[PDB]
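Chemist: Below you will find the structure I want to go over with you.
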Amino acid sequence: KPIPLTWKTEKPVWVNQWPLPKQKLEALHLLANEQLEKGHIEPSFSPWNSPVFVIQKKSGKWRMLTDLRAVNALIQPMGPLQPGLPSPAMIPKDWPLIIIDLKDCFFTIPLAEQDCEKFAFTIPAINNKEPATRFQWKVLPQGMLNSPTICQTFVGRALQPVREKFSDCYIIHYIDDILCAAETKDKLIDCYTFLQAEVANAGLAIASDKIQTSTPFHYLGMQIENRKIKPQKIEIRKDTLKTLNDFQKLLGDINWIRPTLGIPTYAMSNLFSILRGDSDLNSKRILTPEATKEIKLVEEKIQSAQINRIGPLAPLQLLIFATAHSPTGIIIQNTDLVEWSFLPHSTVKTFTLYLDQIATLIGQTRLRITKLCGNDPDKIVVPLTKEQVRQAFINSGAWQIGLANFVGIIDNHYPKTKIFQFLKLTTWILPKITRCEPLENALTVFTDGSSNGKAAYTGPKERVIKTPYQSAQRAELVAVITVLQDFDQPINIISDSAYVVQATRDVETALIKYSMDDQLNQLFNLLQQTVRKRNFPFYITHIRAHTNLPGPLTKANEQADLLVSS
Amino acid sequence: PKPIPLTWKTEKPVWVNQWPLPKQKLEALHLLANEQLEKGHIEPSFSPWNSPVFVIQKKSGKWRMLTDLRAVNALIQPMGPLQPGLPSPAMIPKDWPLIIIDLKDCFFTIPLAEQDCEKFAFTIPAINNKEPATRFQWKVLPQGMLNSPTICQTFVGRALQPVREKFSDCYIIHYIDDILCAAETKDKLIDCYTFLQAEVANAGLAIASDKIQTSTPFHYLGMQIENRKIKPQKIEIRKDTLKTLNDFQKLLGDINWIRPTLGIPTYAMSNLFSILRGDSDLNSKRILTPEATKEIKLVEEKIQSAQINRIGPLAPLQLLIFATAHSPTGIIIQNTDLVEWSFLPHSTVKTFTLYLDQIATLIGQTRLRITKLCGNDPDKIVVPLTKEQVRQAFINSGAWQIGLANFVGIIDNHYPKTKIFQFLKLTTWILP
DNA sequence: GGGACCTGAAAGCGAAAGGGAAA
DNA sequence: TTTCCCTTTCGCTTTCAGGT
Ligand SMILES: Nc1ccn([C@H]2C[C@H](O)[C@@H](COP(=O)(O)OP(=O)(O)OP(=O)(O)O)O2)c(=O)n1
Ligand SMILES: [K+]
Ligand SMILES: [K+]
Ligand SMILES: [K+]
Ligand SMILES: [K+]
Ligand SMILES: [K+]
Ligand SMILES: [K+]
Ligand SMILES: [K+]
Ligand SMILES: [Mg+2]
Ligand SMILES: [Mg+2]
Ligand SMILES: [Mg+2]
């Protein structure tokens with residue numbers, strides 16, 4: 001018995017049929033009468049009416065749609081069943097396979113008797129002088145919000161016995177697009193024969209004109225060979241790049257092929273950055289020569305790059321590369337690429353630390369590998385020493401969450417292949433200049449700053465600066481920068497501002513967020529260059545601001561505070 | 001007994017995404033779902049509601065399915081102190097014998113109203129999305145939802161409602177995870193009991209006959225006070241870590257800042273605060289004198305003094321976890337009151353090289369303790385984790401899954417804004 | 001102008017919180 | 001004692017791609 005809809009309200013709604021152009025009206029008539037012939041639609045007397053219209057298929061044929069917005073608003077949603085595309089890479093390499101696409105899928109699945117009255121419509125007359133003929137759907141209308149859940153449930157039940165009888169067959173099912181793969185051509189034939197029976201028993205028809213048995217196959221937007229896989233779509237809009245909307249179109253194009261063709265987040269930095277500005281789709285945007293170098297590099301990668309069908313018996317490995325901007329991950333089986341794993345260009349925090357990004361990526365890519373092949377990787381390769389992994393397990397909460405229950409191997413031996421050599425790396429993975437603890441036998445500098453724009457340090461040498469800033473924090477960051485410049489030696493730094501202390505201690509390995517205050521971005525950027533250009537290490541900590549306790553650190557903090565008054 | 005439907009703040013469906021799981025756990029999920037399908041406790045679902053599920057392997061090798069019902073529970077509409085003119089535990093005649101049922105010993109199979117089943121939905125995902133997910137909904141209340149106090153209290157009230165009425169002479173009540181039925185004559189009682197046993201078995205409450213206990217009010221009320229009593233704790237600032245100027249300056253900053261709130265005169269910690277005098281090098285050594293030690297004991301005494309004697313009886317408890325060095329610290333609180341401190345037993349700490357594991361183990365242990373003190377889970381656990389880090393922990397950490405099994409309260413990282421609680425968060429405490 | 005459901009990515013912005021001065 | 005100074009972090013809107 002088929003799945004009935006739940007209705008909020010029984011008050012019928014009438015939405016007027018709208019006019020159609022001759023060519024489209026003929027097509028509507030052509031399809032509408034054929035469904036009648038098949039008994040998929042029936043004459044209607046219902047006080048409900050929804051518009052119907054046509055659009056072009058890729059076939060070149062037309063599609064009968066029902067504009068069911070007002071009717072859908074009265075139907076309880078069902079839960080979704082397939083969050084994203086299957087990956088072809090998990091179809092075991094060198095396995096013969098067949099691709100099936102059911103004919104007028106939604107229309108072959110019956111509606112519960114009582115719901116048919118609600119999916120009623122008006123077909124205009126070929127002639128503007130002659131009256132309209134009215135029908136209703138007895139089958140899933142293309143336009144109904146639950147048609148997809150119902151179609152998935154119906155076909156899935158039909159395929160379930162095929163899955164059970166051929167447990168060694170790889171069977172992908174997306175809505176009505178279906179793949180079948182087996183080890184041997186004989187095993188594929190037994191598998192397929194069983195399938196034909198079961199789809200027919202459920203009253204579903206295989207489109208014979210559109211069956212695939214032979215390389216090269218096309219499935220869910222991918223070109224699939226015996227081993228090699230690439231996106232079908234081999235072209236990005238690069239010609240006319242004058243508006244915001246033009247760049248939105250090109251970057252959406254590139255995004256879709258990123259995961260298979262291996263474009264790192266840093267290689268698109270210049271293109272992504274041009275998206276910033278006026279919200280109007282028609283706002284002008286200039287193509288920069290850096291943005292163009294980026295499009296050349298993408299275009300070369302489209303031609304060369306690929307992913308690979310895997311052995312069904314071997315586990316996967318995860319490689320994490322210390323790439324510029326943010327780490328990059330590759331899911332791999334020995335030398336064969338499965339998928340690239342990438343991080344967002346824009347960030348949440350002001351200061352996103354590279355070690356937390358590694359840990360986030362390992363967690364996200366572990367889940368993806370688990371989704372692809374049903375297990376963690378047997379090995380995760382990280383651009384970290386034994387000692388740094390040890391320190392990360394002790395000190396990083398993100399690393400602990402990232403690698404919780406990871407039973408395999410962590411190591412830093414990358415494949416000796418040349419293929420990854422092009423990837424642009426960073427050396428700012430972990431803090432090497434910024435110290436966790438005070439340095440031994442080192443000068444102590446004390447910094448402060450005021451909303452009057454004055455900044456100073458004191459201790460073994462003194463200085464006051466007039467800074468352009470009207471913030472105490474911004475003034476003090478200029479003091480901290482001057483301290484890191486004027487003490488070409490190991491230094492300890494004590495500041496009263498939590499803010500200055502956290503920024504200074506975190507910038508070395510940080511992704512600095514693009515804030516709407518450029519002035520602050522320039523300051524954090526200068527602070528970061530200052531730390532990175534150091535010859536010697538430094539350590540910075542917080543003193544509570546106005547304690548008036550005894551001791552030398554209070555004394556010097558009070559000197560700094562006086563140096564930046566009035 | 002036609003089930004009454006639950007009260008909801010909103011009818012807007014909440015969908016929390018199921019995450020991929022490895023085959024072994026997907027196989028275990030299908031196995032357990034079929035087991036429950038055969039008992040008629042779940043059925044196939046098309047709901048727009050979804051709550052995530054995960055499976056925990058016992059050492060037996062068997063799996064148990066847990067559901068994260070936080071999102072669904074947050075939408076339950078709480079009810080008021082229904083049947084408040086019913087008798088209190090104090091008002092029974094001490095000459096009467098008392099029958100004691102422990103609801104933790106029992107098993108609950110509470111049928112849901114047709115309309116409520118859809119809200120308790122979940123998904124088993126498919127490897128690689130190669131097939132549509134299998135979806136299901138509970139036809140009986142999932143056991144975790146009993147940790148909502150409202151639901152539990154309402155259910156037992158309805159279950160006891162007819163037995164109480166008919167047996168006017170009998171006094172039958174639900175006191176803090178114990179169902180009590182007591183009458184003056186031993187045999188007048190046994191009649192009342194066996195009616196009740198049969199009545200609540202009809203509503204879905206399995207009662208364990210072996211586990212049942214018998215005893216007088218005076219023994220009960222008196223033991224109850226000793227069973228659920230707050231542990232007085234002579235808590236101290238940890239001193240072994242205090243070695244350098246930098247250690248003392250940080251700690252004495254936080255002490256001096258909280259000092260007014262503790263009512264310690266400014267001049268009265270001069271021996272302590274003078275330790276800052278000397279070598280300006282941050283790693284230069286400093287030692288507490290006996291005098292300085294006695295001044296630290298003033299701050300410890302005031303912190304000890306904040307611990308309440310007895311909990312308020314209406315208000316739920318909360319748990320704060322702090323990410324202190326070595327091993328994490330918990331504090332049980334009832335809103336702004338400090339109740340009691342919670343630690344891992346010190347012997348076990350070196351066993352867990354994953355700090356995350358220790359957070360999870362502490363939460364499980366303290367949840368049990370909180371249940372002992374008040375009869376319920378805390379309604380909030382405050383952790384040093386962002387919502388994204390909580391979500392990743394549920395996914396990756398087996399320790400986290402075990403520790404937060406059947407938790408339906410709030411998990412967040414919003415700590416109190418009271419000065420004392422800010423001071424405790426900045427300092428490290430231990431109990432010798 | 002004209003349907004449904006899913007996935008991923010980008011920037012910008014409004015809501016709410018953290019901290020620590022101000023009422 | 002709550003009730004505002006900002007600033008930073010989080011959630012959501014609004015574009016683009018893509019799948020049957
Ligand atoms: N733009 C689209 C494309 C597809 N579908 C849904 C309804 C279709 O029934 C199903 C499969 O799409 P097809 O392209 O296979 O269309 P048909 O099922 O009509 O198949 P065919 O053209 O082979 O008859 O997906 C949809 O609602 N809207
Ligand atoms: K199915
Ligand atoms: K950025
Ligand atoms: K900051
Ligand atoms: K949803
Ligand atoms: K209970
Ligand atoms: K879907
Ligand atoms: K944009
Ligand atoms: Mg089709
Ligand atoms: Mg300062
Ligand atoms: Mg005032």
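Order determines the names: the first chain of the structure tokens is A, the second B, and so forth; residues in each chain are numbered 1 upward, and ligands are numbered 1 upward as they are shown.
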Dump the neighbourhood of ligand 5 as a list in words: all residues within 9 Å, distances computed on only C-alpha atoms (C1' of nucleotides) and all ligand atoms.

Modeler: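 With only C-alpha atoms (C1' of nucleotides) and all ligand atoms and a cut-off of 9 Å, ligand 5 is contacted by residues 77, 78, 79 and 80 of chain A; 13, 14, 15, 16, 17, 48, 49 and 50 of chain B.
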
Chemist: Please find the residues of chain B near chain A - the criterion being any atom within 6 Å, counting only C-alpha atoms - and write them as a PDB file with N, CA, C and O atoms, in the first residue's frame.

Modeler:
```
ATOM      1  N   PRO B  20      27.299  10.290   9.216  1.00  0.00           N
ATOM      2  CA  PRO B  20      27.794   8.967   8.850  1.00  0.00           C
ATOM      3  C   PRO B  20      28.432   8.214  10.039  1.00  0.00           C
ATOM      4  O   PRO B  20      29.035   8.812  10.916  1.00  0.00           O
ATOM      5  N   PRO B  22      30.612   4.226  10.866  1.00  0.00           N
ATOM      6  CA  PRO B  22      31.282   3.103  10.203  1.00  0.00           C
ATOM      7  C   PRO B  22      30.368   1.869  10.081  1.00  0.00           C
ATOM      8  O   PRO B  22      29.421   1.766  10.851  1.00  0.00           O
ATOM      9  N   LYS B  23      30.697   0.942   9.171  1.00  0.00           N
ATOM     10  CA  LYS B  23      29.802  -0.200   8.877  1.00  0.00           C
ATOM     11  C   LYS B  23      29.441  -0.849  10.221  1.00  0.00           C
ATOM     12  O   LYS B  23      28.256  -0.859  10.582  1.00  0.00           O
ATOM     13  N   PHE B  46       8.489   8.893   8.316  1.00  0.00           N
ATOM     14  CA  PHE B  46       8.546   9.877   7.216  1.00  0.00           C
ATOM     15  C   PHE B  46       8.547  11.259   7.868  1.00  0.00           C
ATOM     16  O   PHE B  46       8.147  12.246   7.229  1.00  0.00           O
ATOM     17  N   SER B  47       8.930  11.334   9.144  1.00  0.00           N
ATOM     18  CA  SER B  47       8.770  12.555   9.979  1.00  0.00           C
ATOM     19  C   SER B  47       9.668  13.689   9.478  1.00  0.00           C
ATOM     20  O   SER B  47      10.727  13.458   8.907  1.00  0.00           O
ATOM     21  N   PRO B  48       9.291  14.972   9.667  1.00  0.00           N
ATOM     22  CA  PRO B  48      10.232  16.074   9.460  1.00  0.00           C
ATOM     23  C   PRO B  48      11.114  16.353  10.692  1.00  0.00           C
ATOM     24  O   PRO B  48      11.875  17.314  10.677  1.00  0.00           O
ATOM     25  N   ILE B 127      26.063   3.823   3.727  1.00  0.00           N
ATOM     26  CA  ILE B 127      27.461   4.013   3.255  1.00  0.00           C
ATOM     27  C   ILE B 127      27.364   4.729   1.912  1.00  0.00           C
ATOM     28  O   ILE B 127      26.396   4.476   1.189  1.00  0.00           O
ATOM     29  N   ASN B 128      28.117   5.814   1.767  1.00  0.00           N
ATOM     30  CA  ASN B 128      28.348   6.530   0.483  1.00  0.00           C
ATOM     31  C   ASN B 128      27.040   7.044  -0.108  1.00  0.00           C
ATOM     32  O   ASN B 128      27.066   7.353  -1.295  1.00  0.00           O
ATOM     33  N   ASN B 129      25.942   7.095   0.661  1.00  0.00           N
ATOM     34  CA  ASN B 129      24.600   7.487   0.144  1.00  0.00           C
ATOM     35  C   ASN B 129      24.200   6.607  -1.053  1.00  0.00           C
ATOM     36  O   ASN B 129      23.411   7.073  -1.909  1.00  0.00           O
ATOM     37  N   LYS B 130      24.701   5.372  -1.105  1.00  0.00           N
ATOM     38  CA  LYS B 130      24.444   4.413  -2.214  1.00  0.00           C
ATOM     39  C   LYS B 130      22.962   4.020  -2.185  1.00  0.00           C
ATOM     40  O   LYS B 130      22.434   3.742  -3.258  1.00  0.00           O
ATOM     41  N   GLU B 131      22.309   4.043  -1.017  1.00  0.00           N
ATOM     42  CA  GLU B 131      20.838   3.821  -0.884  1.00  0.00           C
ATOM     43  C   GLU B 131      20.229   4.931  -0.036  1.00  0.00           C
ATOM     44  O   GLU B 131      20.930   5.566   0.741  1.00  0.00           O
ATOM     45  N   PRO B 132      18.911   5.218  -0.149  1.00  0.00           N
ATOM     46  CA  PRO B 132      18.242   6.086   0.813  1.00  0.00           C
ATOM     47  C   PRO B 132      18.376   5.560   2.247  1.00  0.00           C
ATOM     48  O   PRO B 132      18.430   4.374   2.469  1.00  0.00           O
ATOM     49  N   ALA B 133      18.460   6.462   3.209  1.00  0.00           N
ATOM     50  CA  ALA B 133      18.548   6.089   4.632  1.00  0.00           C
ATOM     51  C   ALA B 133      17.280   5.341   5.073  1.00  0.00           C
ATOM     52  O   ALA B 133      16.196   5.657   4.583  1.00  0.00           O
ATOM     53  N   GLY B 253      46.852  38.638  41.950  1.00  0.00           N
ATOM     54  CA  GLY B 253      45.905  39.473  41.164  1.00  0.00           C
ATOM     55  C   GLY B 253      44.460  39.037  41.351  1.00  0.00           C
ATOM     56  O   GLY B 253      43.582  39.914  41.556  1.00  0.00           O
ATOM     57  N   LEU B 276      55.654  39.336  46.566  1.00  0.00           N
ATOM     58  CA  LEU B 276      55.943  39.913  45.226  1.00  0.00           C
ATOM     59  C   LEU B 276      57.236  40.723  45.257  1.00  0.00           C
ATOM     60  O   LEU B 276      57.865  40.815  44.223  1.00  0.00           O
ATOM     61  N   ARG B 277      57.644  41.240  46.414  1.00  0.00           N
ATOM     62  CA  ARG B 277      58.914  42.008  46.548  1.00  0.00           C
ATOM     63  C   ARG B 277      60.104  41.093  46.205  1.00  0.00           C
ATOM     64  O   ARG B 277      60.049  39.875  46.514  1.00  0.00           O
ATOM     65  N   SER B 280      62.962  40.808  39.852  1.00  0.00           N
ATOM     66  CA  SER B 280      61.915  41.096  38.846  1.00  0.00           C
ATOM     67  C   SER B 280      61.884  40.008  37.758  1.00  0.00           C
ATOM     68  O   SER B 280      60.970  40.039  36.923  1.00  0.00           O
ATOM     69  N   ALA B 393      32.511  16.105  19.317  1.00  0.00           N
ATOM     70  CA  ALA B 393      32.826  15.156  20.401  1.00  0.00           C
ATOM     71  C   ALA B 393      31.840  13.993  20.358  1.00  0.00           C
ATOM     72  O   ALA B 393      32.265  12.836  20.580  1.00  0.00           O
ATOM     73  N   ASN B 396      33.084  11.674  17.471  1.00  0.00           N
ATOM     74  CA  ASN B 396      34.415  11.007  17.517  1.00  0.00           C
ATOM     75  C   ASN B 396      34.702  10.329  18.857  1.00  0.00           C
ATOM     76  O   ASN B 396      35.499   9.372  18.810  1.00  0.00           O
ATOM     77  N   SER B 397      34.238  10.873  19.996  1.00  0.00           N
ATOM     78  CA  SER B 397      34.693  10.435  21.344  1.00  0.00           C
ATOM     79  C   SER B 397      33.707   9.435  21.929  1.00  0.00           C
ATOM     80  O   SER B 397      32.614   9.849  22.283  1.00  0.00           O
TER      81      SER B 397
END
```

Chemist: Counting only C-alpha atoms (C1' of nucleotides) and all ligand atoms, what are the residues, protein, DNA or RNA alike, that approach ligand 11 to within 10 Å? I want them as a list in words.

Modeler: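 If we count only C-alpha atoms (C1' of nucleotides) and all ligand atoms, the neighbours of ligand 11 turn out to be residues 22 and 23 of chain C; 1, 2 and 3 of chain D.
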
Chemist: What gap, in Å, lies between CA of residue 270 (chain A) and CA of residue 239 (chain A)?

Modeler: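 Taking CA of residue 270 (chain A) as the start and CA of residue 239 (chain A) as the end point, the length is 17.3 Å.
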
Chemist: Report as a ChimeraX atom specification the set of chain D residues whose atoms approach chain A to within 12 Å, with distances computed over only C-alpha atoms (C1' of nucleotides).

Modeler: /D:6-11,14-20

Chemist: Show me, as a PDB file with N, CA and C atoms, in the first residue's frame, every residue of chain B with an atom at most 12 Å from chain D, counting only C-alpha atoms (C1' of nucleotides).

Modeler:
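Printed below is selection-v5.pdb as written:
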```
ATOM      1  N   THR B 386      33.092  24.706  22.478  1.00  0.00           N
ATOM      2  CA  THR B 386      32.139  25.473  21.620  1.00  0.00           C
ATOM      3  C   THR B 386      31.033  24.512  21.146  1.00  0.00           C
ATOM      4  N   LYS B 387      29.897  24.983  20.632  1.00  0.00           N
ATOM      5  CA  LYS B 387      28.823  24.041  20.185  1.00  0.00           C
ATOM      6  C   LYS B 387      29.359  23.099  19.087  1.00  0.00           C
ATOM      7  N   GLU B 388      30.206  23.618  18.201  1.00  0.00           N
ATOM      8  CA  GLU B 388      30.842  22.810  17.129  1.00  0.00           C
ATOM      9  C   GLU B 388      31.728  21.735  17.763  1.00  0.00           C
ATOM     10  N   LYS B 417      28.047  34.857  35.873  1.00  0.00           N
ATOM     11  CA  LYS B 417      28.680  36.200  35.801  1.00  0.00           C
ATOM     12  C   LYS B 417      28.877  36.705  37.239  1.00  0.00           C
ATOM     13  N   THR B 418      28.684  35.842  38.255  1.00  0.00           N
ATOM     14  CA  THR B 418      28.917  36.246  39.673  1.00  0.00           C
ATOM     15  C   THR B 418      30.427  36.304  39.908  1.00  0.00           C
TER      16      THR B 418
END
```

Chemist: Show me which residues are within 8 Å of ligand 6 counting only C-alpha atoms (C1' of nucleotides) and all ligand atoms, and format the list as a list in words.

Modeler: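 For ligand 6, the residues inside 8 Å are residues 103, 104, 146, 147, 149, 152, 176, 177, 375 and 376 of chain B.
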
Chemist: Can you pull out every residue from region 111-333 of chain A that DSSP, working from the backbone, puts in helix (DSSP H, G or I), and format the result as number ranges by chain?

Modeler: A: 113-118, 147-165, 185-201, 244-261, 265-274, 289-304

Chemist: For the structure I just gave you, how does DSSP split region 344-511 of chain A - specifically, which residues are strand (DSSP E)? Reply as JSON, numbers by chain.

Modeler: {"A": [351, 352, 353, 379, 380, 381, 409, 410, 411, 443, 444, 445, 446, 447, 448, 449, 454, 455, 456, 457, 458, 463, 464, 465, 466, 491, 492, 493, 494, 495, 510, 511]}

Chemist: Using the selection just defined, write its residues with N, CA and C atoms as a tab-separated table (two decimals), in the first residue's frame.

Modeler:
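So selection37.tsv came out as:
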```tsv
chain	number	residue	atom	x	y	z
A	351	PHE	N	41.53	35.22	15.07
A	351	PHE	CA	42.82	34.50	14.94
A	351	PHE	C	42.55	33.00	14.98
A	352	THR	N	42.53	32.36	13.80
A	352	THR	CA	42.37	30.90	13.61
A	352	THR	C	43.77	30.29	13.49
A	353	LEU	N	44.14	29.47	14.47
A	353	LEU	CA	45.50	28.91	14.60
A	353	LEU	C	45.66	27.69	13.68
A	379	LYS	N	45.74	5.20	8.01
A	379	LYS	CA	46.89	6.08	8.31
A	379	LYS	C	46.54	7.53	8.00
A	380	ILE	N	46.92	8.43	8.89
A	380	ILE	CA	46.82	9.90	8.72
A	380	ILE	C	48.23	10.47	8.68
A	381	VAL	N	48.59	11.15	7.60
A	381	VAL	CA	49.94	11.74	7.42
A	381	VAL	C	49.84	13.22	7.71
A	409	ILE	N	47.44	4.74	12.32
A	409	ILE	CA	48.85	5.22	12.39
A	409	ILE	C	48.85	6.73	12.12
A	410	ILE	N	49.55	7.53	12.92
A	410	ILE	CA	49.89	8.94	12.59
A	410	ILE	C	51.39	9.01	12.36
A	411	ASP	N	51.77	9.63	11.25
A	411	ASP	CA	53.16	9.63	10.73
A	411	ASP	C	53.32	10.85	9.83
A	443	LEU	N	65.62	40.09	29.39
A	443	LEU	CA	65.02	41.41	29.71
A	443	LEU	C	63.49	41.30	29.73
A	444	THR	N	62.85	41.97	30.70
A	444	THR	CA	61.38	42.12	30.86
A	444	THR	C	60.97	43.53	30.43
A	445	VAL	N	60.11	43.63	29.41
A	445	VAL	CA	59.52	44.93	28.97
A	445	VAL	C	58.04	44.97	29.40
A	446	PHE	N	57.58	46.14	29.83
A	446	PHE	CA	56.18	46.42	30.21
A	446	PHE	C	55.61	47.47	29.28
A	447	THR	N	54.46	47.17	28.69
A	447	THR	CA	53.81	47.99	27.63
A	447	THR	C	52.52	48.55	28.20
A	448	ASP	N	52.05	49.67	27.64
A	448	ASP	CA	50.65	50.13	27.86
A	448	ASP	C	50.29	51.10	26.74
A	449	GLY	N	49.03	51.52	26.74
A	449	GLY	CA	48.43	52.39	25.72
A	449	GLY	C	47.17	53.01	26.28
A	454	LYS	N	48.40	57.67	23.12
A	454	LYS	CA	49.79	57.50	23.62
A	454	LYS	C	50.03	56.02	23.89
A	455	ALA	N	51.24	55.56	23.57
A	455	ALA	CA	51.72	54.19	23.81
A	455	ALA	C	53.10	54.28	24.44
A	456	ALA	N	53.48	53.32	25.28
A	456	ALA	CA	54.84	53.30	25.87
A	456	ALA	C	55.23	51.90	26.29
A	457	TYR	N	56.53	51.63	26.34
A	457	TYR	CA	57.08	50.53	27.15
A	457	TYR	C	58.02	51.08	28.22
A	458	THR	N	58.31	50.27	29.23
A	458	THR	CA	59.33	50.58	30.25
A	458	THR	C	59.90	49.27	30.81
A	463	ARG	N	60.38	54.29	26.42
A	463	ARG	CA	59.97	55.01	25.19
A	463	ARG	C	58.48	55.31	25.29
A	464	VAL	N	58.09	56.51	24.85
A	464	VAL	CA	56.69	56.92	24.56
A	464	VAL	C	56.53	57.13	23.05
A	465	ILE	N	55.40	56.68	22.50
A	465	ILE	CA	54.98	56.88	21.08
A	465	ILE	C	53.66	57.66	21.09
A	466	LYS	N	53.52	58.64	20.20
A	466	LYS	CA	52.20	59.16	19.79
A	466	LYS	C	51.68	58.29	18.64
A	491	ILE	N	63.14	38.34	24.98
A	491	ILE	CA	62.39	39.31	25.83
A	491	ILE	C	61.17	38.61	26.41
A	492	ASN	N	60.80	39.02	27.61
A	492	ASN	CA	59.49	38.72	28.22
A	492	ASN	C	58.70	40.02	28.21
A	493	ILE	N	57.40	39.95	27.94
A	493	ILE	CA	56.54	41.16	27.82
A	493	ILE	C	55.33	41.02	28.75
A	494	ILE	N	55.07	42.05	29.54
A	494	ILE	CA	53.89	42.08	30.45
A	494	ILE	C	53.03	43.27	30.05
A	495	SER	N	51.78	42.98	29.67
A	495	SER	CA	50.72	43.93	29.26
A	495	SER	C	49.50	43.74	30.17
A	510	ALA	N	48.54	32.26	12.74
A	510	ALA	CA	47.11	32.61	12.61
A	510	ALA	C	46.78	32.98	11.17
A	511	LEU	N	45.59	32.57	10.76
A	511	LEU	CA	44.73	33.16	9.70
A	511	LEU	C	44.00	34.34	10.31
```

Chemist: Tell me which of B:55, B:124, B:90, B:319 sits closest to ligand 2, counting only C-alpha atoms and all ligand atoms.

Modeler: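 Counting only C-alpha atoms and all ligand atoms, the residue closest to ligand 2 is B:124.
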
Chemist: Enumerate as JSON, numbers by chain the residues belonging to chain C that approach chain B to within 12 Å, with only C-alpha atoms (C1' of nucleotides) taken into account.

Modeler: {"C": [6, 7, 16, 17, 18, 19, 20]}

Chemist: Can you spit out the residues from that selection as a tab-separated table (two decimals), in the first residue's frame, using C-alpha atoms (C1' of nucleotides)?

Modeler:
```tsv
chain	number	residue	atom	x	y	z
C	6	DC	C1'	19.31	17.40	-1.71
C	7	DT	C1'	24.82	18.94	-1.64
C	16	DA	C1'	23.72	37.79	21.22
C	17	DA	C1'	27.39	37.28	24.12
C	18	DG	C1'	31.99	38.36	26.69
C	19	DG	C1'	34.36	41.42	29.36
C	20	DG	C1'	35.19	45.31	32.40
```

Chemist: Name each residue within 9 Å of ligand 3, counting only C-alpha atoms (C1' of nucleotides) and all ligand atoms, as a CSV table (one decimal) with N, CA and C atoms, in the first residue's frame.

Modeler:
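Below is the file part_29.csv, written as the result:
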```csv
chain,number,residue,atom,x,y,z
A,269,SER,N,42.6,32.6,-3.6
A,269,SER,CA,42.5,33.8,-2.6
A,269,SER,C,42.1,35.1,-3.3
A,273,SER,N,38.6,37.1,-3.1
A,273,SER,CA,38.7,38.5,-2.5
A,273,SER,C,37.9,39.5,-3.3
A,325,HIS,N,47.6,29.7,3.4
A,325,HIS,CA,46.2,30.0,3.9
A,325,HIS,C,45.7,29.0,5.0
A,344,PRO,N,37.3,26.6,4.6
A,344,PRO,CA,36.7,27.8,4.1
A,344,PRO,C,37.8,28.9,3.9
A,345,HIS,N,37.5,29.8,3.0
A,345,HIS,CA,38.4,30.9,2.8
A,345,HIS,C,38.3,32.0,3.9
A,346,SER,N,37.1,32.2,4.4
A,346,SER,CA,36.8,33.2,5.5
A,346,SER,C,36.6,32.4,6.8
A,347,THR,N,36.9,33.1,7.9
A,347,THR,CA,37.0,32.4,9.2
A,347,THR,C,36.0,32.9,10.2
A,511,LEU,N,45.6,32.6,10.8
A,511,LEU,CA,44.7,33.2,9.7
A,511,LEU,C,44.0,34.3,10.3
A,512,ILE,N,44.3,35.6,9.9
A,512,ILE,CA,43.7,36.8,10.4
A,512,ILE,C,42.4,37.0,9.6
A,513,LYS,N,41.2,37.1,10.3
A,513,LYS,CA,39.9,37.2,9.7
A,513,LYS,C,39.9,38.6,9.0
A,514,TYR,N,39.2,38.7,7.8
A,514,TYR,CA,38.9,39.9,7.1
A,514,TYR,C,37.8,40.7,7.8
A,515,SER,N,38.1,41.6,8.7
A,515,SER,CA,37.1,42.4,9.4
A,515,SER,C,36.7,43.6,8.6
```

Chemist: By how many Å are CA of residue 274 (chain B) and CA of residue 496 (chain A) apart?

Modeler: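 About the pair CA of residue 274 (chain B) and CA of residue 496 (chain A): they are 20.5 Å apart.
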
Chemist: With a distance cut-off of 7 Å and only C-alpha atoms (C1' of nucleotides), select the neighbouring residues of residue 110 (chain B), excluding the residue or stretch itself and same-chain residues fewer than 6 positions from it, and output the selection as a ChimeraX atom specification.

Modeler: /B:140-141,203-204

Chemist: Let me see if you get this right: every residue at most 8 Å from ligand 1, counting only C-alpha atoms (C1' of nucleotides) and all ligand atoms, written as a list in words.

Modeler: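 What falls inside 8 Å of ligand 1 is residues 57, 58, 59, 61, 63, 65, 101, 102, 103, 104, 105, 106, 107, 142, 143, 147, 148, 175, 176, 177, 207 and 210 of chain A; 3, 4 and 5 of chain C; 20 of chain D.
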